[PDB]
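Ideal geometry is used to build each Cβ from the backbone, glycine not excepted, and the neighbour counts take in all protein chains shown. Computed from the coordinates by the stated procedures, all read-outs in this text should not be read as laboratory data.
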Amino acid sequence: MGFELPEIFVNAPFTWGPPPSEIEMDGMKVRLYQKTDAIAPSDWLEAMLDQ
Amino acid sequence: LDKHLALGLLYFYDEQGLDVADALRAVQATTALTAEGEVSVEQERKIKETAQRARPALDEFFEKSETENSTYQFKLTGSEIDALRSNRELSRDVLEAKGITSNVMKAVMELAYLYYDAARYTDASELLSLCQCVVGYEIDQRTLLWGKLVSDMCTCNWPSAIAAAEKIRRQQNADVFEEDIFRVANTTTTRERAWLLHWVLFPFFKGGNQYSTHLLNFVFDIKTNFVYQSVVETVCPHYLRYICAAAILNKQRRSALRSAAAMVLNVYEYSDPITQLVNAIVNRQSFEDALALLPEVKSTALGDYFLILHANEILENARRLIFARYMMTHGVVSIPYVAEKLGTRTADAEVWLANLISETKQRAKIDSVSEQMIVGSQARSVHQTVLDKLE
Amino acid sequence: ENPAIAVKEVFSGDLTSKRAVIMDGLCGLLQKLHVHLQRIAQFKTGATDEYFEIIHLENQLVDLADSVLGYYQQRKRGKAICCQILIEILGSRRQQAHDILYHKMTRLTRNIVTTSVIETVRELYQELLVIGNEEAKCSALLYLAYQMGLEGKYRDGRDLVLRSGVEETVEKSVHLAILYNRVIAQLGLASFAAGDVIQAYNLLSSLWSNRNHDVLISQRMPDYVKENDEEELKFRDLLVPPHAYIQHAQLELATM
RNA sequence: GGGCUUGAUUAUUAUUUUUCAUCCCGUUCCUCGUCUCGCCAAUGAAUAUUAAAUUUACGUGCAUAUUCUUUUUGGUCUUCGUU
């Protein structure tokens, strides 16, 4: 042995492909869940309302 | 298996045929210096053929020759290897069934054995083969695996080659596939592939066996389990060109042109072009352009790259193929303009066309009583076919 | 200038308190200018002369990122370089407009001149594993693919995205997602516009069709938003970036 | 490693020769702290009620250009001599 992932740049090749590789899409943000919630801040919010 | 990256560059760049000037930093990781004999030297022979020659080749020759006369005298701590080197009889014997290991160890054996190259090359291969099988050994998974690769590499003198052909499709394919958790990664696959190609298609080098064109087609490819991802990464233009040539030479699996077309496009990621054009036009199907291209390509390359060997066969297959397609439907087309192109008088051309027809790939009769080739119907009998299918 | 030398009271550089000085180490202070400029832009839609003012201002803002990186380290590591990558499109379509910007100098550090810029040097020198480009995280690569697609051919951008395996780092980490959508759209446009149908159809159709719903590169806000309420500030901060989009209309023509 | 007459200290006269762990900066090294990520485990089963095992509502009206500048290098103009 041997070796392990040989090319230029830095991380070289990972997985390719063959093309045909339609790639798709991608959307996000549809459900939230937190431990350790943030403040507000109310300052920004007031200013917005004003505008 | 495996390796080396500089060596790899020397390899493929020469094959492509753009230039040689290339380094090959070395030696690495065949070994230093252990079996066989040397990898670099084989590359040098190819380079010499391409284009004269140069300082690296001289260095390689020196490296191969010695270290060292004294070491050569010293080797062997007993108690076989003899009649020149090996003990042919012993090699045969270590299967049937011998498998439960006398003494134990061939650890000191390896130390004594290691020497090498010189190249000497048939004998060297024979010795390696003998070591491989004990079977129980101990020592080792990886060391043995490296050994298998070396056997595959050289010598390609045919009894060694046929043995190695069997070994490649049992061993190497299995090894690449997982499990074992997790091996073998991109470099190993690429290296293995390069060695297989060298061992038979026909670089320059040497290739053809009987027949293992088939082997090349079979492995890179074929869907249970798949890769072809490996072939694509990271950027094997020369290999693709070679595959196109191989497909034409073979002239069928079953599926032939279609498979080749899919492989080829791979539009511009790395794409070498003279063979590729011949195949890509032929499958698509234009008949004027393809016909012209095949002589031009044949004459252009060659180029370097002699062997010659196979390419006469390739030229014949290609001509036959273009014509077979041209006939099929289409007409009900003649025949004088076919004869003029392929280039001898009319009767020789007629018999050549008749040989395409006689393979049961077409239904046709040739009128030599008006010089017309007539095709059947059969492609198309419509209602009748449906009645048969139902009943 | 006169400094270095850094005397009376105490100076360092890290960690304890000095403290905009320390944060200018480092250069988190410049990062806060980068943040606030994006904000201004992000609210006002290009129309009146305000937009001109911010463009001039942004050209000004570049220069510090250059210089600072030749004040080289405290390693630091990062902050100025990160700002440069974000700023980059920069530019561009083939690049136009870098030359006009470039034009006051002193400029210095590494990615300069309309020969470059082009992205690539920063991406190269600032890695993806161990040292750099970490924290955050995967990288420059999306911007390089964007750059490659616009000023080279859509072959290079497609090749880089598929090779680098960067399609599983965009799933979580929400800024990167928008980038992902942005580069996919641009690649399909570039494929159309140097002149084949496929890959252009494949890339572009995939981006579309679905979702409606398109906030995903620009602009636009989903439903609903912006009437409700104080949650506006999620889809108006993820992301969308300004002076880009790249043209609406043009994408639609390409798709249809 | 870089800078630093850093602390002993050649230095400071260019015997400048340092001379080291070190002050200020200093990763790919070892030890420690903490955060992120993770596999499993921990608080939601009625077939009948004696002083009660869990409380409404959560919406209106108002909302800063919030300043002084001395200016000085160009550039649009104007009024004298003279061609």
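List of remarks:
- The C-alpha atoms of chain C define a longest principal axis, and helix C:50-68 lies at about 50 degrees to it.
- Local electrostatic count at B:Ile168 - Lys and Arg +1, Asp and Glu -1, tallied over other residues with Cβ under 14 Å: +2
- Fraction of alpha-carbon pairs over 14 Å apart in the range C:189-256 - percent: 64
- Along the axis of the charge dipole computed for the protein assembly as shown (Cβ charges of +1 for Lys and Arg, -1 for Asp and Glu, origin at the Cα centre), the listed residues B:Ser160, C:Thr16, C:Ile178 are led at the positive end by B:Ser160.
- Across all Cα atoms of chain B, the radius of gyration (one decimal) and Dmax (whole number) stand at 25.8, 85 Å.
- Rounded to the nearest Hz, the phi-derived 3J(HN,Hα) couplings of the range B:74-85 under the Karplus curve 6.51 cos²θ - 1.76 cosθ + 1.60 (θ = phi - 60°) are 4, 3, 5, 10, x, 8, 10, 5, 2, 5, 10, 10, where x marks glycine and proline.
- For the range B:204-319, the pair-distance distribution built from all alpha carbon pairs, in bins 5 Å wide starting at 0, is 2, 10, 21, 25, 22, 14, 5, 1, 0 percent.
- Helix content alone sets the calculated 222 nm mean residue ellipticity of chain B: runs of n ≥ 4 DSSP H residues at -39500 (n - 2.57) each, divided across all residues, give -15500 deg cm²/dmol.
- Residues whose amide H lies under 5 Å from that of B:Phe202, counting only those 5 or more places away or on a different chain, are absent; hydrogens are built 1.01 Å from N in the peptide plane.
- Spin-label model distance (nm) - C:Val35 vs B:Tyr270, 7 Å beyond Cα toward Cβ: 4.4
- Cα-based equivalent ellipsoid, chain C: semi-axes from gyration tensor eigenvalues, Å: 34, 22, 19
- Estimated translational diffusion coefficient (Stokes-Einstein, Kirkwood radius over Cα pairs, 25 °C, 0.890 mPa s) of chain A: 140 µm² per second.
- Taking N as its residue count, the alpha carbon Rg of the protein assembly as shown over 2.2 N^0.38 Å: 1.25
- Nearest-0.05 FRET efficiency for B:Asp289 and B:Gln378, computed from C-beta distance (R0 35 Å): 0.75
- With neighbours defined as other Cβ atoms within 10 Å of a residue's Cβ, the residues B:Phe74, B:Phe182, C:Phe192 order from fewest to most as B:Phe182, B:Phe74, C:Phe192.
- Highest-MSF residue in chain B out of B:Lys98, B:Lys167, B:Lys251 [GNM, Cα springs under 10 Å]: B:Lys98
- At an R0 of 25 angstrom, the distance between the Cβ atoms of C:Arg19 and C:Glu50 translates into a FRET efficiency of 0.15.
- Radius 9 Å from Cβ of B:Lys46, net charge of other residues (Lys, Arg +1; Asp, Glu -1): -3
- Taking amide H atoms as placed 1.01 Å from N in the peptide plane, the amide H of B:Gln372 lies under 5 Å from those of B:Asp367, each 5 or more residues away in sequence or on another chain.
- Normalised by the number of residues in the range C:99-148, the mean separation of alpha-carbon contacts (under 8 Å, six or more apart) gives a relative contact order of 29 percent.
- The residues packed around B:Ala364, meaning those with a beta-carbon under 15 Å from its beta-carbon, carry a net charge of +2 if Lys and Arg are +1 and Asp and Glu are -1.
- Across every direction, the projection of the convex hull enclosing the Cα atoms of the range B:114-196 has a mean area of 5.9 nm².
- Amide H partners (placed H, <5 Å) of B:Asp304, local residues excluded: none
- Cα pair distances in the range C:1-57, grouped into 5 Å bins until the bin that holds the longest one, percent each: 4, 15, 18, 15, 11, 10, 10, 9, 6, 2, 0
- Ratio Rg/Rh [Cα only; Rh per Kirkwood] for the range B:246-391: 1.03
- When the charge dipole of the range B:112-271 is built from unit charges on Cβ atoms (+1 for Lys and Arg, -1 for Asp and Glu) and taken about the Cα centre, the candidate among B:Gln172, B:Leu265, B:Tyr121 whose Cα reaches farthest toward its positive end is B:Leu265.
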